[PDB]
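These notes concern the structure reproduced below.
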Amino acid sequence: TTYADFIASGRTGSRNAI
Amino acid sequence: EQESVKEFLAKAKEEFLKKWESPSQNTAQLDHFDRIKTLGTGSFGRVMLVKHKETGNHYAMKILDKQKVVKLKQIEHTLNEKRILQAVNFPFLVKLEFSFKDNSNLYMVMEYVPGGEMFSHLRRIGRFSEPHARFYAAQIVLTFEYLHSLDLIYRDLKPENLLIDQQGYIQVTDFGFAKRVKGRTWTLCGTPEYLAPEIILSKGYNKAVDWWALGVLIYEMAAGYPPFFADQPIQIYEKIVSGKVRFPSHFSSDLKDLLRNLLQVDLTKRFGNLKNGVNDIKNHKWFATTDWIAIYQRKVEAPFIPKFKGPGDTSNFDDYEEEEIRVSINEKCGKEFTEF
Ligand SMILES: Nc1ncnc2c1ncn2[C@@H]1O[C@H](COP(=O)(O)OP(=O)(O)O)[C@@H](O)[C@H]1O
Ligand SMILES: [Mg+2]
Ligand SMILES: [Mg+2]
């Protein structure tokens with residue numbers, strides 16, 4: 001599922017700029 | 001009513017430009033405040049909950065080590081951010097109450113926003129319903145109408161930068177990438193998930209990047225995850241420029257249509273960048289139930305009120321180890337920060 005893919009991305013925490 | 005908006009923004013510009021041309025400086029000092037607790041990590045030092053000794057009012061104090069700012073080549077960004085904060089005035093922008101500096105540090109004392117940032121609430125709750133997302137989105141629409149009218153481009157919209165106050169309303173924070181831009185600008189900056197294609201593609205760009213970012217924010221609020229994500233930024237960028245986006249099946253038709261027009265790779269077609277400007281967004285069917293004036297007056301009942309048991313409550317923030325704030329007996333980087 002798309003949600004599972006999001007968890008798999010490793011980018012579920014706060015995101016830094018740049 | 002339309003004439004009322006024009007009059008409001010004309011007066012707002014007059015007020016902004018006066019403060020922009022003659023910024024306030026040195027409006028308090030460190031020993032006017034008791035340190036209570038570290039609220040978070042700032043770019044160049046701690047963000048502290050502090051208590052004004054004379055009034056007992058609580059504030060969030062950003063502490064910036066001048067030597068670190070110089071080392072990371074952020075002098076202009078830091079001066080510009082403070083110059084913006086002391087000149088703007090809008091309900092959904094954080095409010096700079098005092099600023100000053102000493103031998104070691106720069107200090108910005110803001111109104112304390114006790115709900116913390118939207119990001120944590122969104123990840124906890126999972127996703128926001130469309131009414132809930134629309135309540136927040138309407139505040140961003142008005143805030144960008146305001147900022148863009150002053151020729152300010154914001155460039156860092158994301159849930160991480162949206163603080164939730166005691167009434168459940170938004171206060172936008174972190175103006176580290178904000179710039180006065182009448183035409184085009186070129187700096188690669190922002191957060192990968194929220195970058196407009198024309199930033200990724202190393203083009204000159206304009207305020208339409210903020211309207212793209214609004215589309216990303218609305219999508220993330222309503223889905224619980226952003227429209228473009230991947231293991232590494234480069235793969236995110238490939239998706240952003242591709243012209244392709246998929247929507248959860250629970251998105252309303254009106255929501256999908258708004259998002260197709262905000263997440264529009266073709267600048268000549270993107271809402272917020274057309275002849276009618278922000279009104280293409282404000283007049284869209286998804287916002288048909290939105291009372292824009294009631295939102296601005298904070299008269300709409302908020303869908304979510306953060307927990308808050310009186311002044312000084314920090315229950316919506318993480319805990320950090322507390323360290324002494326040391327101020328050198330010698331001035332550092334005085335020339336660089338004369339204007340602060
Ligand atoms: N006015 C405020 N009220 C409460 N917390 C704040 C306030 N300003 C900043 N913070 C805390 O500090 C964090 C970082 O603030 P931010 O505005 O992103 O500044 P910077 O990243 O430039 O140091 C926020 O996510 C929040 O936790
Ligand atoms: Mg910063
Ligand atoms: Mg920040």
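Labeling convention for the structure tokens: chains A, B, ... as they appear, residues from 1 per chain, ligands from 1 in order of appearance.
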Inset, instruction - Tell me which protein, DNA and RNA residues are within 7 Å of region 103-113 of chain B, counting only C-alpha atoms, leaving out same-chain ones fewer than 5 positions away, and put them as number ranges by chain. - result: B: 58-66, 94-98, 163-165, 327-332
Which residues of chain A are close to chain B, meaning at most 6 Å apart when you count only C-alpha atoms, and how do they look as an mmCIF file with N, CA and C atoms, in the first residue's frame?
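Okay, this is what ended up in result_38.cif:
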```
data_model
loop_
_atom_site.group_PDB
_atom_site.id
_atom_site.type_symbol
_atom_site.label_atom_id
_atom_site.label_comp_id
_atom_site.auth_asym_id
_atom_site.auth_seq_id
_atom_site.Cartn_x
_atom_site.Cartn_y
_atom_site.Cartn_z
ATOM 1 N N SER A 9 10.113 4.226 3.267
ATOM 2 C CA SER A 9 11.017 5.263 2.786
ATOM 3 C C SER A 9 12.018 5.679 3.845
ATOM 4 N N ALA A 17 15.894 20.849 6.011
ATOM 5 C CA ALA A 17 15.943 21.552 4.746
ATOM 6 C C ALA A 17 17.173 21.141 3.946
ATOM 7 N N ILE A 18 17.136 21.551 2.676
ATOM 8 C CA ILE A 18 18.250 21.767 1.746
ATOM 9 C C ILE A 18 18.046 20.867 0.529
#
```
Inset, instruction - With only C-alpha atoms and all ligand atoms counted, collect every polymer residue having an atom within 9 Å of ligand 3; state the result as a list in words. - result: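 Selection of residues at most 9 Å from ligand 3: residues 16 and 17 of chain A; 41, 42, 43, 160, 161, 173, 174, 175 and 176 of chain B.
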Take the residues just selected and output them with N, CA, C and O atoms as a tab-separated table (two decimals), in the first residue's frame.
```tsv
chain	number	residue	atom	x	y	z
A	16	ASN	N	14.69	17.81	7.54
A	16	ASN	CA	15.59	18.95	7.44
A	16	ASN	C	15.52	19.58	6.06
A	16	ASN	O	15.20	18.94	5.05
A	17	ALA	N	15.89	20.85	6.01
A	17	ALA	CA	15.94	21.55	4.75
A	17	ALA	C	17.17	21.14	3.95
A	17	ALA	O	18.07	20.44	4.44
B	41	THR	N	15.68	22.35	19.67
B	41	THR	CA	16.96	22.69	19.08
B	41	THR	C	16.73	23.78	18.05
B	41	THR	O	15.90	23.62	17.15
B	42	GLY	N	17.42	24.91	18.22
B	42	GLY	CA	17.46	25.93	17.20
B	42	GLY	C	18.62	25.70	16.25
B	42	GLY	O	19.47	24.84	16.46
B	43	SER	N	18.64	26.47	15.17
B	43	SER	CA	19.69	26.31	14.17
B	43	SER	C	21.08	26.53	14.75
B	43	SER	O	22.06	25.93	14.28
B	160	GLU	N	6.35	20.80	9.91
B	160	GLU	CA	7.38	21.10	10.90
B	160	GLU	C	7.44	22.57	11.26
B	160	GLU	O	7.95	22.92	12.33
B	161	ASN	N	6.98	23.46	10.38
B	161	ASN	CA	7.06	24.90	10.61
B	161	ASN	C	5.72	25.55	10.93
B	161	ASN	O	5.62	26.78	10.89
B	173	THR	N	6.25	29.61	11.54
B	173	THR	CA	7.56	29.90	12.11
B	173	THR	C	8.66	29.53	11.12
B	173	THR	O	8.45	28.78	10.16
B	174	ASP	N	9.85	30.06	11.39
B	174	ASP	CA	11.10	29.81	10.67
B	174	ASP	C	11.11	30.52	9.32
B	174	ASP	O	10.63	29.98	8.30
B	175	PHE	N	11.66	31.74	9.32
B	175	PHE	CA	11.79	32.58	8.13
B	175	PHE	C	13.23	32.61	7.60
B	175	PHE	O	13.66	33.57	6.93
B	176	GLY	N	13.97	31.52	7.84
B	176	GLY	CA	15.33	31.37	7.38
B	176	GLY	C	15.51	31.38	5.87
B	176	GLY	O	16.60	31.68	5.40
```
Legend entry - DSSP strand (DSSP E) residues within region 95-263 of chain B, as a PyMOL selection string: chain B and resi 96-101+105-111+152-153+162-164+170-172+179-180
Could you dump the residues just selected with N, CA, C and O atoms as a PDB file, in the first residue's frame?
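Once everything was written out, this is part_21.pdb:
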```pdb
ATOM      1  N   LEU B  96       7.352  38.311  17.062  1.00  0.00           N
ATOM      2  CA  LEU B  96       8.580  38.702  17.748  1.00  0.00           C
ATOM      3  C   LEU B  96       8.238  39.759  18.780  1.00  0.00           C
ATOM      4  O   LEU B  96       7.682  40.811  18.442  1.00  0.00           O
ATOM      5  N   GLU B  97       8.510  39.467  20.046  1.00  0.00           N
ATOM      6  CA  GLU B  97       8.218  40.388  21.133  1.00  0.00           C
ATOM      7  C   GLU B  97       9.414  41.245  21.516  1.00  0.00           C
ATOM      8  O   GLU B  97       9.243  42.438  21.809  1.00  0.00           O
ATOM      9  N   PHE B  98      10.608  40.656  21.546  1.00  0.00           N
ATOM     10  CA  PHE B  98      11.839  41.379  21.848  1.00  0.00           C
ATOM     11  C   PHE B  98      12.984  40.797  21.028  1.00  0.00           C
ATOM     12  O   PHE B  98      12.972  39.624  20.644  1.00  0.00           O
ATOM     13  N   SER B  99      14.023  41.599  20.830  1.00  0.00           N
ATOM     14  CA  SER B  99      15.281  41.057  20.336  1.00  0.00           C
ATOM     15  C   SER B  99      16.415  41.857  20.956  1.00  0.00           C
ATOM     16  O   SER B  99      16.233  43.020  21.315  1.00  0.00           O
ATOM     17  N   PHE B 100      17.575  41.220  21.071  1.00  0.00           N
ATOM     18  CA  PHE B 100      18.784  41.836  21.608  1.00  0.00           C
ATOM     19  C   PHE B 100      19.958  40.882  21.382  1.00  0.00           C
ATOM     20  O   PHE B 100      19.800  39.753  20.904  1.00  0.00           O
ATOM     21  N   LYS B 101      21.147  41.345  21.741  1.00  0.00           N
ATOM     22  CA  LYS B 101      22.350  40.548  21.564  1.00  0.00           C
ATOM     23  C   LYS B 101      23.302  40.861  22.701  1.00  0.00           C
ATOM     24  O   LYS B 101      23.187  41.905  23.347  1.00  0.00           O
ATOM     25  N   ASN B 105      25.860  35.931  21.865  1.00  0.00           N
ATOM     26  CA  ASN B 105      24.650  35.429  21.225  1.00  0.00           C
ATOM     27  C   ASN B 105      23.767  36.532  20.657  1.00  0.00           C
ATOM     28  O   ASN B 105      23.802  37.696  21.067  1.00  0.00           O
ATOM     29  N   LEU B 106      22.922  36.105  19.728  1.00  0.00           N
ATOM     30  CA  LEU B 106      21.741  36.835  19.306  1.00  0.00           C
ATOM     31  C   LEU B 106      20.532  36.188  19.964  1.00  0.00           C
ATOM     32  O   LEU B 106      20.511  34.970  20.171  1.00  0.00           O
ATOM     33  N   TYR B 107      19.534  37.001  20.298  1.00  0.00           N
ATOM     34  CA  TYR B 107      18.320  36.517  20.958  1.00  0.00           C
ATOM     35  C   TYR B 107      17.087  37.054  20.256  1.00  0.00           C
ATOM     36  O   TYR B 107      16.969  38.264  20.044  1.00  0.00           O
ATOM     37  N   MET B 108      16.160  36.153  19.922  1.00  0.00           N
ATOM     38  CA  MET B 108      14.830  36.518  19.444  1.00  0.00           C
ATOM     39  C   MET B 108      13.813  35.926  20.401  1.00  0.00           C
ATOM     40  O   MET B 108      13.762  34.705  20.565  1.00  0.00           O
ATOM     41  N   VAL B 109      13.024  36.783  21.037  1.00  0.00           N
ATOM     42  CA  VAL B 109      12.020  36.368  22.011  1.00  0.00           C
ATOM     43  C   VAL B 109      10.662  36.465  21.335  1.00  0.00           C
ATOM     44  O   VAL B 109      10.217  37.567  20.990  1.00  0.00           O
ATOM     45  N   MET B 110      10.012  35.309  21.125  1.00  0.00           N
ATOM     46  CA  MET B 110       8.719  35.219  20.454  1.00  0.00           C
ATOM     47  C   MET B 110       7.609  34.886  21.433  1.00  0.00           C
ATOM     48  O   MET B 110       7.837  34.288  22.482  1.00  0.00           O
ATOM     49  N   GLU B 111       6.382  35.225  21.041  1.00  0.00           N
ATOM     50  CA  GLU B 111       5.222  34.698  21.737  1.00  0.00           C
ATOM     51  C   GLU B 111       5.334  33.182  21.789  1.00  0.00           C
ATOM     52  O   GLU B 111       5.607  32.537  20.777  1.00  0.00           O
ATOM     53  N   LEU B 152       7.222  39.143  -0.216  1.00  0.00           N
ATOM     54  CA  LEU B 152       7.969  38.147   0.533  1.00  0.00           C
ATOM     55  C   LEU B 152       7.597  36.752   0.055  1.00  0.00           C
ATOM     56  O   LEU B 152       6.419  36.387   0.067  1.00  0.00           O
ATOM     57  N   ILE B 153       8.608  35.973  -0.320  1.00  0.00           N
ATOM     58  CA  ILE B 153       8.459  34.558  -0.643  1.00  0.00           C
ATOM     59  C   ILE B 153       8.928  33.761   0.565  1.00  0.00           C
ATOM     60  O   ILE B 153      10.004  34.037   1.111  1.00  0.00           O
ATOM     61  N   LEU B 162       4.710  24.765  11.298  1.00  0.00           N
ATOM     62  CA  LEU B 162       3.394  25.304  11.609  1.00  0.00           C
ATOM     63  C   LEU B 162       3.129  25.022  13.078  1.00  0.00           C
ATOM     64  O   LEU B 162       2.850  23.881  13.459  1.00  0.00           O
ATOM     65  N   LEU B 163       3.222  26.048  13.907  1.00  0.00           N
ATOM     66  CA  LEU B 163       2.945  25.876  15.323  1.00  0.00           C
ATOM     67  C   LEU B 163       1.449  26.039  15.570  1.00  0.00           C
ATOM     68  O   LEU B 163       0.775  26.800  14.870  1.00  0.00           O
ATOM     69  N   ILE B 164       0.922  25.296  16.546  1.00  0.00           N
ATOM     70  CA  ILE B 164      -0.506  25.310  16.859  1.00  0.00           C
ATOM     71  C   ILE B 164      -0.687  26.005  18.201  1.00  0.00           C
ATOM     72  O   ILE B 164      -0.086  25.591  19.208  1.00  0.00           O
ATOM     73  N   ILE B 170      -3.015  28.314  13.622  1.00  0.00           N
ATOM     74  CA  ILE B 170      -1.632  28.208  13.164  1.00  0.00           C
ATOM     75  C   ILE B 170      -0.887  29.505  13.383  1.00  0.00           C
ATOM     76  O   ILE B 170      -1.427  30.604  13.201  1.00  0.00           O
ATOM     77  N   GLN B 171       0.399  29.351  13.710  1.00  0.00           N
ATOM     78  CA  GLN B 171       1.383  30.416  13.618  1.00  0.00           C
ATOM     79  C   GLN B 171       2.584  29.870  12.863  1.00  0.00           C
ATOM     80  O   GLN B 171       3.239  28.930  13.326  1.00  0.00           O
ATOM     81  N   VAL B 172       2.839  30.434  11.678  1.00  0.00           N
ATOM     82  CA  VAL B 172       3.967  30.027  10.852  1.00  0.00           C
ATOM     83  C   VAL B 172       5.265  30.495  11.494  1.00  0.00           C
ATOM     84  O   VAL B 172       5.387  31.658  11.905  1.00  0.00           O
ATOM     85  N   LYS B 179      12.469  35.667   1.639  1.00  0.00           N
ATOM     86  CA  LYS B 179      13.227  36.674   0.916  1.00  0.00           C
ATOM     87  C   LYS B 179      12.273  37.697   0.326  1.00  0.00           C
ATOM     88  O   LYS B 179      11.193  37.342  -0.147  1.00  0.00           O
ATOM     89  N   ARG B 180      12.689  38.964   0.314  1.00  0.00           N
ATOM     90  CA  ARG B 180      11.934  39.953  -0.438  1.00  0.00           C
ATOM     91  C   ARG B 180      12.295  39.779  -1.916  1.00  0.00           C
ATOM     92  O   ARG B 180      13.472  39.842  -2.296  1.00  0.00           O
TER      93      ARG B 180
END
```
Legend entry - Every residue of chain A that DSSP places in alpha helix (DSSP H), as a PyMOL selection string: chain A and resi 2-9
Once you have the residues from the selection above, write them out as a JSON list (two decimals), in the first residue's frame, restricted to N, CA and C atoms.
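Heads up, here's the output in again.json:
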```json
[["chain", "number", "residue", "atom", "x", "y", "z"],
["A", 2, "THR", "N", 0.30, 2.38, -0.36],
["A", 2, "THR", "CA", 1.07, 3.62, -0.36],
["A", 2, "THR", "C", 1.57, 3.95, 1.04],
["A", 3, "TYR", "N", 0.73, 3.73, 2.06],
["A", 3, "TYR", "CA", 1.17, 3.98, 3.44],
["A", 3, "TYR", "C", 2.37, 3.12, 3.80],
["A", 4, "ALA", "N", 2.34, 1.84, 3.42],
["A", 4, "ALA", "CA", 3.48, 0.99, 3.73],
["A", 4, "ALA", "C", 4.73, 1.46, 3.01],
["A", 5, "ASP", "N", 4.57, 1.92, 1.76],
["A", 5, "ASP", "CA", 5.71, 2.46, 1.03],
["A", 5, "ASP", "C", 6.29, 3.69, 1.74],
["A", 6, "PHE", "N", 5.43, 4.52, 2.33],
["A", 6, "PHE", "CA", 5.89, 5.69, 3.08],
["A", 6, "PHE", "C", 6.71, 5.27, 4.28],
["A", 7, "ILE", "N", 6.22, 4.29, 5.05],
["A", 7, "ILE", "CA", 7.00, 3.78, 6.17],
["A", 7, "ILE", "C", 8.34, 3.25, 5.67],
["A", 8, "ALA", "N", 8.34, 2.53, 4.54],
["A", 8, "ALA", "CA", 9.56, 1.95, 4.02],
["A", 8, "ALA", "C", 10.57, 3.01, 3.58],
["A", 9, "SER", "N", 10.11, 4.23, 3.27],
["A", 9, "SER", "CA", 11.02, 5.26, 2.79],
["A", 9, "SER", "C", 12.02, 5.68, 3.85]]
```
